[PDB]
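Below is one structure, written out as structure tokens; the observations come after it.
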Amino acid sequence: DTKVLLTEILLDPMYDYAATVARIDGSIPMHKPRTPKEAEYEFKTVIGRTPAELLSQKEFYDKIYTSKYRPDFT
Amino acid sequence: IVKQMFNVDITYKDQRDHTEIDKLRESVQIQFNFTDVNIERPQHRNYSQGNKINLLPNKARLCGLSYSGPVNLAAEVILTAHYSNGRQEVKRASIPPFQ
């Protein structure tokens with residue numbers, strides 16, 4: 001159940017976009033994960049929920065990572 | 001094309017005769033059209049049991065998927081039975097939208 005979720009989300013370009021945004025904001029290490037623990041931490045920070053938590057409910061896009069910079073645009 | 005060029009009006013021979021009305025009936029006319037057609041943006045499922053999420057083209061390219069959007073159809077079916085007495089019975093059903 002978790003394997004298919006991980007292979008579907010880790011290859012989602014949305015995941016890469018949110019991951020690079022988090023890397024810019026410094027919420028995740030600038031390098032790609034080298035251990036399963038930090039891969040799970042990156043998934044938690046980028047997706048906003050743990051892989052086990054995602055399989056429980058249905059909402060996915062609500063907890064995706066948001067920038068901490070608060071870039072006043074106008 | 002779906003709403004105008006794909007209207008169905010076909011009469012089929014009745015194949016059952018294990019009832020008085022069954023012997024009375026010799027044909028049923030199937031008649032339906034499509035009323036609502038709409039194509040959505042490509043979607044995908046992650047959990048295999050979860051909500052459908054937007055499928056981006058890069059994911060479809062990597063996974064060998066199809067950048068295809070769901071087609072939703074709504075139809076109205078009119079079934080007409082014929083008997084050997086000149087009368088006909090009409091059962092009119094409306095099909096809700098389905099993919």
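Labeling convention for the structure tokens: chains A, B, ... as they appear, residues from 1 per chain, ligands from 1 in order of appearance.
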
Task: Test item: residues at most 7 Å from segment 9-17 of chain A, only C-alpha atoms, excluding those fewer than 4 positions along its chain, as a VMD selection string - done: (chain A and resid 5 21 46) or (chain B and resid 58 to 59)

Output file for the residues above (N, CA and C atoms, as a short mmCIF file (atom, residue, chain, number, x, y, z; two decimals), in the first residue's frame):
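Result written to part-v4.cif:
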```cif
data_model
loop_
_atom_site.label_atom_id
_atom_site.label_comp_id
_atom_site.auth_asym_id
_atom_site.auth_seq_id
_atom_site.Cartn_x
_atom_site.Cartn_y
_atom_site.Cartn_z
N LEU A 5 2.08 4.09 -3.29
CA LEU A 5 1.95 5.51 -2.97
C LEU A 5 3.28 6.23 -3.15
N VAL A 21 10.97 24.08 -3.69
CA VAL A 21 10.52 25.25 -2.95
C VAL A 21 10.93 25.14 -1.48
N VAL A 46 7.27 17.80 2.47
CA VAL A 46 6.81 18.22 1.15
C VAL A 46 5.32 17.97 0.99
N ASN B 58 4.35 15.18 -17.34
CA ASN B 58 5.64 14.54 -17.10
C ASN B 58 5.46 13.18 -16.43
N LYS B 59 4.52 13.08 -15.48
CA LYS B 59 4.24 11.80 -14.86
C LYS B 59 3.71 10.79 -15.87
#
```

If we count only C-alpha atoms, which residues of chain B reach to within 9 Å of chain A? Please list them as a tab-separated table (two decimals) with N, CA, C and O atoms, in the first residue's frame.
```tsv
chain	number	residue	atom	x	y	z
B	45	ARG	N	-5.07	8.35	-9.90
B	45	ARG	CA	-5.29	7.88	-8.54
B	45	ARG	C	-3.97	7.42	-7.95
B	45	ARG	O	-3.22	6.68	-8.60
B	46	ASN	N	-3.68	7.86	-6.72
B	46	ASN	CA	-2.44	7.50	-6.05
B	46	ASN	C	-2.60	6.24	-5.20
B	46	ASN	O	-1.86	5.26	-5.38
B	47	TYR	N	-3.57	6.24	-4.29
B	47	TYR	CA	-3.71	5.17	-3.31
B	47	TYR	C	-4.18	3.87	-3.93
B	47	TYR	O	-4.09	2.82	-3.28
B	48	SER	N	-4.69	3.91	-5.17
B	48	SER	CA	-5.52	2.90	-5.82
B	48	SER	C	-6.89	2.80	-5.18
B	48	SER	O	-7.76	2.09	-5.70
B	49	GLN	N	-7.13	3.51	-4.07
B	49	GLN	CA	-8.45	3.56	-3.45
B	49	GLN	C	-8.77	4.97	-2.96
B	49	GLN	O	-9.58	5.14	-2.04
B	50	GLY	N	-8.15	5.99	-3.56
B	50	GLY	CA	-8.29	7.36	-3.11
B	50	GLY	C	-8.91	8.27	-4.15
B	50	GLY	O	-9.37	7.83	-5.21
B	51	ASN	N	-8.92	9.55	-3.82
B	51	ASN	CA	-9.46	10.56	-4.73
B	51	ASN	C	-8.57	10.72	-5.95
B	51	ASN	O	-7.34	10.60	-5.87
B	53	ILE	N	-6.47	12.65	-8.55
B	53	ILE	CA	-5.70	13.88	-8.52
B	53	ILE	C	-5.23	14.19	-9.93
B	53	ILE	O	-5.21	13.33	-10.81
B	55	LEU	N	-3.21	14.63	-13.12
B	55	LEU	CA	-2.09	13.90	-13.71
B	55	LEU	C	-1.31	14.87	-14.59
B	55	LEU	O	-1.81	15.30	-15.64
B	56	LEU	N	-0.11	15.22	-14.17
B	56	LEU	CA	0.72	16.13	-14.95
B	56	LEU	C	1.39	15.37	-16.10
B	56	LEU	O	1.67	14.18	-15.99
B	57	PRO	N	1.64	16.05	-17.23
B	57	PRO	CA	2.15	15.34	-18.41
B	57	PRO	C	3.49	14.65	-18.21
B	57	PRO	O	3.75	13.63	-18.85
B	58	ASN	N	4.35	15.18	-17.34
B	58	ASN	CA	5.64	14.54	-17.10
B	58	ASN	C	5.46	13.18	-16.43
B	58	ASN	O	6.17	12.22	-16.75
B	59	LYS	N	4.52	13.08	-15.48
B	59	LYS	CA	4.24	11.80	-14.86
B	59	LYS	C	3.71	10.79	-15.87
B	59	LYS	O	4.09	9.62	-15.85
B	62	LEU	N	6.69	9.62	-17.93
B	62	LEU	CA	7.59	8.72	-17.21
B	62	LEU	C	6.97	7.34	-17.02
B	62	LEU	O	7.60	6.32	-17.30
B	63	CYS	N	5.72	7.29	-16.56
B	63	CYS	CA	5.07	6.04	-16.21
B	63	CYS	C	4.45	5.34	-17.41
B	63	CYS	O	3.82	4.28	-17.24
```

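Nearest to residue 24 of chain B of all the residues B:1, B:71, B:81, B:10 is B:81, counting only C-alpha atoms.
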
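Taking only C-alpha atoms, the non-local environment of residue 29 of chain A within 9 Å (same-chain residues fewer than 6 positions away omitted) comprises residues 22, 23, 38 and 42 of chain A.
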
Open item on the list: Can you pull out every residue from chain B that DSSP, working from the backbone, puts in alpha helix (DSSP H), and format the result as a PyMOL selection string?
Closed with: chain B and resi 20-24+57-63

Selection to disk with N, CA, C and O atoms, as an mmCIF file, in the first residue's frame:
```cif
data_model
loop_
_atom_site.group_PDB
_atom_site.id
_atom_site.type_symbol
_atom_site.label_atom_id
_atom_site.label_comp_id
_atom_site.auth_asym_id
_atom_site.auth_seq_id
_atom_site.Cartn_x
_atom_site.Cartn_y
_atom_site.Cartn_z
ATOM 1 N N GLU B 20 -47.701 -15.432 -20.703
ATOM 2 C CA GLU B 20 -48.739 -15.014 -21.640
ATOM 3 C C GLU B 20 -48.350 -13.724 -22.354
ATOM 4 O O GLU B 20 -48.442 -13.627 -23.584
ATOM 5 N N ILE B 21 -47.905 -12.718 -21.596
ATOM 6 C CA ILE B 21 -47.425 -11.486 -22.214
ATOM 7 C C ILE B 21 -46.166 -11.751 -23.026
ATOM 8 O O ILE B 21 -45.925 -11.096 -24.047
ATOM 9 N N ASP B 22 -45.345 -12.709 -22.589
ATOM 10 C CA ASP B 22 -44.143 -13.054 -23.340
ATOM 11 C C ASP B 22 -44.494 -13.570 -24.729
ATOM 12 O O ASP B 22 -43.832 -13.224 -25.714
ATOM 13 N N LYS B 23 -45.528 -14.408 -24.829
ATOM 14 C CA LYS B 23 -46.021 -14.815 -26.140
ATOM 15 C C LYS B 23 -46.672 -13.649 -26.872
ATOM 16 O O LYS B 23 -46.591 -13.568 -28.102
ATOM 17 N N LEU B 24 -47.327 -12.750 -26.133
ATOM 18 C CA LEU B 24 -47.909 -11.560 -26.746
ATOM 19 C C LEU B 24 -46.833 -10.664 -27.346
ATOM 20 O O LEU B 24 -47.007 -10.120 -28.443
ATOM 21 N N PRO B 57 1.639 16.052 -17.227
ATOM 22 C CA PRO B 57 2.148 15.343 -18.415
ATOM 23 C C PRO B 57 3.486 14.654 -18.206
ATOM 24 O O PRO B 57 3.745 13.631 -18.851
ATOM 25 N N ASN B 58 4.350 15.183 -17.339
ATOM 26 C CA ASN B 58 5.637 14.537 -17.101
ATOM 27 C C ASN B 58 5.460 13.182 -16.428
ATOM 28 O O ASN B 58 6.171 12.224 -16.755
ATOM 29 N N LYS B 59 4.521 13.082 -15.484
ATOM 30 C CA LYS B 59 4.240 11.795 -14.856
ATOM 31 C C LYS B 59 3.713 10.792 -15.873
ATOM 32 O O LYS B 59 4.089 9.616 -15.848
ATOM 33 N N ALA B 60 2.840 11.241 -16.777
ATOM 34 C CA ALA B 60 2.329 10.354 -17.816
ATOM 35 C C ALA B 60 3.441 9.906 -18.755
ATOM 36 O O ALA B 60 3.451 8.759 -19.215
ATOM 37 N N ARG B 61 4.380 10.803 -19.063
ATOM 38 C CA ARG B 61 5.508 10.430 -19.910
ATOM 39 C C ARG B 61 6.412 9.416 -19.219
ATOM 40 O O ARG B 61 6.868 8.454 -19.849
ATOM 41 N N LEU B 62 6.685 9.616 -17.928
ATOM 42 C CA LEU B 62 7.587 8.717 -17.210
ATOM 43 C C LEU B 62 6.967 7.338 -17.022
ATOM 44 O O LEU B 62 7.605 6.317 -17.297
ATOM 45 N N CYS B 63 5.721 7.291 -16.562
ATOM 46 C CA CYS B 63 5.067 6.037 -16.214
ATOM 47 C C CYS B 63 4.446 5.336 -17.412
ATOM 48 O O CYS B 63 3.823 4.283 -17.238
#
```

Task: Length of the atom CA of residue 29 of chain B to atom CA of residue 3 of chain B vector [Å] - done: 19.7 Å
